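In what follows, chains carry the letters A, B, and so on, assigned in the order in which the sequence lines appear, proteins first and then strands, with residues in each chain numbered from 1. Both backbone and side-chain heavy atoms feed into the values below; hydrogens, waters and symmetry mates do not.
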Number of protein chains: 2
Amino acid sequence: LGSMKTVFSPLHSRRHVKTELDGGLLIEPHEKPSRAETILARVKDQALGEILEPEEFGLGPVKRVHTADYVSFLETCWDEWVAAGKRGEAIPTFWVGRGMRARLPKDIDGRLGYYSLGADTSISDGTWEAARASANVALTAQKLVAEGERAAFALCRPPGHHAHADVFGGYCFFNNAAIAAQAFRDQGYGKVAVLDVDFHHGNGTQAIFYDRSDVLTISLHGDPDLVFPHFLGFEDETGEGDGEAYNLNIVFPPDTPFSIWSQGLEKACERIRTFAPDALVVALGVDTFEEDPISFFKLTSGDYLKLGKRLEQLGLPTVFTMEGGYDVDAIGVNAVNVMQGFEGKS
Amino acid sequence: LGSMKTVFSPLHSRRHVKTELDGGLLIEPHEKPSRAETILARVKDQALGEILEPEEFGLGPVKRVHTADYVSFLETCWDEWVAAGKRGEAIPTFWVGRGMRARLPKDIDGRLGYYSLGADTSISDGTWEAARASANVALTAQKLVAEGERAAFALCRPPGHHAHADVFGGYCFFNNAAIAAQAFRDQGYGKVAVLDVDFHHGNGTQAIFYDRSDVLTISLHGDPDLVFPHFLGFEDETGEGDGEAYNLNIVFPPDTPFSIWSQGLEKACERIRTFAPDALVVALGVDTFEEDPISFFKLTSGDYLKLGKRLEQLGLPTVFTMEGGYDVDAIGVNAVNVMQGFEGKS
Ligand SMILES: NCCCCCCCC(=O)NO
Ligand SMILES: NCCCCCCCC(=O)NO
Ligand SMILES: [K+]
Ligand SMILES: [K+]
Ligand SMILES: [K+]
Ligand SMILES: [K+]
Ligand SMILES: [Mg+2]
Ligand SMILES: [Mg+2]
Ligand SMILES: [Mg+2]
Ligand SMILES: [Zn+2]
Ligand SMILES: [Zn+2]
């Protein structure tokens, strides 16, 4: 079995929120630290390859994707929330509704809503540090691949694919896959494809490159008429201006199994083949799993071996960034199965 | 000692939600049924005038302001929420963030967020019926004034001035003041002015009439840089198209007393004079009170007598619709002081 290096930051545990708005209640959050620990434990148990801590790259590569005002806001948000007297975790209460101005207010609640697309992504102490570390995990994995490695697994937490240039939500703060893709471009890779196999639409990634043709964005995901993010991810979203035909959404209905889902994967793979990129970033969620608690696809653990194998056949230098996946007792087997299938395990 | 009739619906108590999102916690809601009961008890106690229940006007006059799809959503929201397995009250978890499509999704969570500007306005059983009655309360007070009375007090609960044609929030669902103003227009009153003295900007009222010169909208409110609604209410918002110069926002900072606020009141009365309307709707909030728990002005109970005095001097047929005010100890004295001052109390 071939080897793959994994990049992991123990600082992920700095993000350990206690509350998630879900169905009118404050529930125990899905995107929990045990996700990353269960994966890493499987990486060591399977001897997948070397495990590295990330390098500190600073905010430069982050700000090639995200606005300076947004990066500023994430650094100060918690301290301003506590200094303003709020007693819970930092959660938006109101936002720019349809018909209101996209105008940045002074107030911390106002800015919370300005910079978000959802209320289920609580911020608290350590969120800044952990989101910073997750971006560096992606960037170190990009560095590994750019310096000779065929592939590298960025064991990111928190995930990234829902974050726009200046919008957080869906458990994501910095868009690690977009940051990795932009890092390839800044280093002289002319074309980069970002393939999102997470159950949910990679709406942040779509928006970040939506008017560009140097970065092909493809997502397979549940129908947004039915699931989050609801307001992007439809198949008619093919790109704007110069980006026209450089975005591809493939949507599936509830109960979709691998025998169907992989037909979309094949169409994604053909789209990538004709684009002929110099690098590949795979935003990898395993919330396509048949027992995933918030998702409605029917992939089995063994199907992730087949997903890994199909991605290797693209023949591309490949960065995997960890996104979703919330059935914790299976998440290690599922995620590492993709890496192991990539390395030739069947 | 002149008299003024009050329209009151016992159906308001059908809205009695248990939770409000606030500072990251689900707290006891501020817009509570005892607001309406405390005002009503003070109406009786001061013998202000005859009290009557509203008439049923149907959805016709409501849809002169609100879109049919929005009205349908409010009727079915709670049934769909419960049938979908949610255990809390109906609260939006995600919305159309900046960079997403204003596209109506099939999913109820999606639609909740599409139709809202905030998450502090829970929907539960009875909300539909209470919102219907509140609008009938305002339409009944409008009927009393159009049939020959100088003024009438619509004891509306829930309030309305934050609701757009198809957005709810700020504790509001149907814009009662806008509905009354439109009823005035539909009955041959050439021009109508809506004056918002609630602590918060009447963003929904502004939006509904923003491109019109036949309905003048004025609001006095706390700086939206600092307080809700945050994304409308700035003084540079003066109307668009045919509505240009027919919207007026007057903002004040924290700690503003009546001596300063009444200077803004005078600028508003002068704007009303030069508009020369055939009718006046006053969106009356007494969250301008020095003891209001969520607001930062410093009006005294006696100041409301003076505000009612000043409004009567405008010499107009006048409908008062009840908006906000959350110090329940003083809410009856404050709101009824406005009507009594209108009738000549000092
Ligand atoms: N409490 C709200 C739950 C909604 C699901 C958010 C989607 C997160 C995700 O898994 N993105 O890949
Ligand atoms: N919990 C504070 C949420 C901000 C909304 C204020 C709406 C209250 C009001 O009275 N508007 O007139
Ligand atoms: K996806
Ligand atoms: K693109
Ligand atoms: K106001
Ligand atoms: K207007
Ligand atoms: Mg605030
Ligand atoms: Mg399981
Ligand atoms: Mg849903
Ligand atoms: Zn996902
Ligand atoms: Zn108010």
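Classified by interplanar angle (parallel below 30°, tilted 30° to 60°, perpendicular above 60°), the ring pair A:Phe296/A:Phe199 is perpendicular. Aromatic ring pairs are classed by plane angle as parallel below 30°, tilted from 30° to 60° and perpendicular above 60°; the pair A:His200 and A:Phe228 is perpendicular. Using the six-membered ring where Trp is involved, A:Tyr326 and A:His30 have ring planes that are perpendicular, over 60° apart on the 30 and 60° scheme.
Judged purely by distance below 3.5 Å, without hydrogens or angles, the side chains of A:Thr217 and A:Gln206 never pair a donor atom with an acceptor atom. Using modelled atom types and a 3.5 Å distance limit, the side chains of A:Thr6 and A:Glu50 yield no donor-acceptor pair. Checking A:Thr300 against A:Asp303 by side-chain atom types alone, a donor-acceptor pair falls below 3.5 Å. A side-chain donor from one of A:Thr321 and A:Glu323 sits under 3.5 Å from a side-chain acceptor of the other. In this model, no donor atom of one side chain and acceptor atom of the other lie less than 3.5 Å apart for A:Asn136 and A:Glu55. With no hydrogens or angles considered, no side-chain donor-acceptor pair links A:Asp242 and A:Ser213 at under 3.5 Å. Residues A:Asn175 and A:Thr205 have side chains that bring a donor and an acceptor to within less than 3.5 angstrom of each other.
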CA sep, side-chain torsions, deciding dist, call: A:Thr38, A:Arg35, side chain to side chain donor-acceptor pair (under 3.5 Å): CA-CA 5 Å; A:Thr38 296; A:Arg35 298 177 57 249; over 6 Å; no

A:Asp214 vs A:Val192, side-chain contact (heavy atoms from CB on, under 4.5 Å): CA-CA, chis, key distance, verdict: CA-CA 7 Å; A:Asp214 58 328; A:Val192 174; over 6 Å; no

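Environment of CG in A:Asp45: crowded, with over 12 heavy atoms of neighbouring residues, nucleotides or ligands closer than 6.0 Å. Within 6.0 Å of CZ in A:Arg103 there are more than 12 heavy atoms belonging to other residues, nucleotides or ligands.
Checked against the 6.0 Å centroid threshold, A:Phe168 and A:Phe174 do not count as a close aromatic pair. Annotation: A:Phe252 is not in aromatic contact with A:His221 [ring centroid separation under 6.0 Å not met]. In this structure, the ring of A:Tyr171 has its center no less than 6.0 angstrom from the ring center of A:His162.
A cation-pi arrangement is absent between A:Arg111 and A:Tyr70 under the rule of less than 6.0 angstrom and at most 45 degrees off the ring axis.
Listed by first and then second residue, the side chain to side chain donor-acceptor pair (under 3.5 Å) pairs involving residues 92-102 of chain B are A:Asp166-B:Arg98, A:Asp236-B:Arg101, A:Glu237-B:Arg101 (not counting sequence neighbours).
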